[PDB]
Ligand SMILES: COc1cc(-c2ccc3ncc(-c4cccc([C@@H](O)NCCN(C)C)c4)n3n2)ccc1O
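First, one chain by itself: the form solved without the named molecule, in structure tokens.
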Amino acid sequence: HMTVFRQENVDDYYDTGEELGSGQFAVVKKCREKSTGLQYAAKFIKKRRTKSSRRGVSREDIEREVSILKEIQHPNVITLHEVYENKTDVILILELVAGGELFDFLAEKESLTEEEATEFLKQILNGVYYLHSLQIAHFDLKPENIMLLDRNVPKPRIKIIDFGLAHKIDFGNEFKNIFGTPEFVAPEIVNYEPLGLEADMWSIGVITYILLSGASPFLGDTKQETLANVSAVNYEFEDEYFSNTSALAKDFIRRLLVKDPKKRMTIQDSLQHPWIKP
């Protein structure tokens, strides 16, 4: 079921500028479309050079990301404008989100209040509600993959980015090669079990703990420790960080950081939880 993308030179149509993102398999650059002057983010994904290579991204994996992206139109999720390709790269022309990572914002700013945390979290929940309503599991939710529209307002607006691990969950679970960042992955990821929408809900619990405390709940000194911690549900609320945080906030996290995916809050549960619900 593979398709093909526009094979004119991206350079003919766009000018690139500042670098917005860089990872193992992709680089993201601001860009401007010549015909309109509108600005975008160009994500250059390196292709695989042979069938059996570990370097670059398989065409299947690229096309999955593109196909999911084409489905989406919501204020809290990145959208896709165009796709180009050449021998080396697939080039996704994505919506531009220019206010930086939530990761960097958190690093740079004072500790959040519950209101500040919930103003972020509610947007994340709304985006994930959209995705999950479409049976799209993101599988890579973390502060690095939440981008701020404008970092210089009291209550920054966000979009979820980076659909490189996202999958359609049309049979309730998927059982494929899916493994994100140890600090954020759910126990079923760690244990290589079938995965569904529920994994993203665990990640949201981790994000929430971080938003409220500045600390990562499962993080060990090595990746293997972090993974062991996740699987064991080895976290606690430290008084030094949480003494002035409401018990209802803690309840919200506690009901997301649950090993059995069936018992974990769903996205609808999270929206109705008393900490969130009006």
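Don't overthink the numbering: it's just position in the shown sequence, from 1. We call the rigid core whatever largest set of C-alpha positions still superposes within 1.5 Å between the two forms.
Only in words, not in the display: the form deposited with the named molecule bound, which the text now covers.
Partner proximity in the deposited complex, defined as non-hydrogen atoms within 4.5 angstroms of the named molecule, places exactly one of 231-239, 249-257, 208-216, 35-43 at the interface: 35-43. For the marked spot (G21, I78 and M147), a heavy atom within 4.5 Å of the named molecule in the deposited complex is present in each of the three residues. The named molecule is not drawn, but in the deposited complex it has a heavy atom within 4.5 Å of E95. Not displayed here, the named molecule is approached by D162 to within 4.5 Å at the level of heavy atoms in the deposited complex. When both forms sit on the same rigid core, the CA shifts between this form and the one not shown reach 2 angstroms or more only at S111 out of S133, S111, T88, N191.
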